[PDB]
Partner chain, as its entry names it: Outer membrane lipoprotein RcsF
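What follows is one chain in structure tokens, specifically the form solved without its partner chain.
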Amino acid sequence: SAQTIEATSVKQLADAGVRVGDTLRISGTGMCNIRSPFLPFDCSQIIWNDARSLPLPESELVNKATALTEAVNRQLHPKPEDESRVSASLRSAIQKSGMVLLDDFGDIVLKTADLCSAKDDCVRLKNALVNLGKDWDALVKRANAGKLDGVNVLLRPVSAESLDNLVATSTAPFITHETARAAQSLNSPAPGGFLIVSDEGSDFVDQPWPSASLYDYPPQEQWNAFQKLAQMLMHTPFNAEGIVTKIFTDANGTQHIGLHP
């Protein structure tokens, strides 16, 4: 009593009533499980469900982080095309000698506290942000009303590039917090359908393995790489052949199938 089952849609497999011993040849569109080539996804288990997919996650944090990053970088590396109530030829001499003129010190400070909300958050940058112009829980106050818009703070070259690195170093932990968190948010399996699983841990999809591993990407690249990973892998083509070695049904209604070839 060993059936042999071709299925290209979920309801065909539900119909065929698979028992251990059967041979499945299975193909269609699915999602890679969460909890490895495509870490955080594990493409040796495929979620096969007709309930359509979760949206890409968002993060207010990431938006706050890559916005402060840019605010400092656009003031540390101003482009020839730039407004300035500062003299033009004076600007060219600041750049010849390696120095840095903060247009809007006030914007740097606000967008820092906006992001490092907690008092323990990024304290070293907040320190370096106060010498350059007090105490942190007061610079924010002076910046809140809007008073360091008229201060001009000029930076000697190593403090500039050191503040550069301090901003890069502080925003990076946030963007990986949120990337890990967002991947867990997608671990929210719909009831029913199947979890098709390879016994050998082989991958079920046919996608080119990403070269750089996700956790090993740069900081201001991690959010976007995840998104492309998630958007392709939550709707990827897949196929699976083999001999059913286990078959059971979830408290959540989902049928788990382990396949060996």
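Numbering follows the first chain given and starts at 1.
Keep in mind that the form deposited with its partner chain bound is not shown, yet the notes after this line are about it.
A.B. asks: Look up in the bound PDB entry whether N152 has a non-hydrogen atom within 4.5 angstroms of its partner chain, and give yes or no.
C.D. replies: Result yes; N152 sits at the interface with its partner chain in the bound PDB entry.
A.B. asks: Residue-level question: is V123 within 4.5 Å of its partner chain in the bound PDB entry, judged on heavy atoms?
C.D. replies: So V123 does not count as contacting its partner chain.
A.B. asks: In the bound PDB entry, is there a heavy atom of its partner chain that lies within 4.5 Å of any heavy atom of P78, even though the partner is absent here?
C.D. replies: So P78 does not count as contacting its partner chain.
A.B. asks: Can you check whether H177 is within 4.5 Å of its partner chain in the bound PDB entry, heavy atom basis?
C.D. replies: Contact check for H177: no, nothing within 4.5 Å of its partner chain in the bound PDB entry.
A.B. asks: Considering its partner chain in the bound PDB entry, find the one stretch among 89-97, 112-120, 184-192, 165-173 with heavy atoms no farther than 4.5 Å from it.
C.D. replies: Going by heavy atoms within 4.5 Å, the stretch is 89-97.
A.B. asks: Answer yes or no: in the bound PDB entry, does its partner chain come within 4.5 Å of a heavy atom in every one of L132, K147 and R156?
C.D. replies: Per the other structure, all of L132, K147 and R156 touch its partner chain.
A.B. asks: Of the options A160, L101, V140, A71, which one has a non-hydrogen atom that comes within 4.5 Å of its partner chain in the bound PDB entry?
C.D. replies: Selected residue: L101.
A.B. asks: With a shift of at least 3 angstroms, figure out whether the C-alpha spacing between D82 and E221 grows or shrinks in the bound PDB entry: closer or farther?
C.D. replies: Result: closer.
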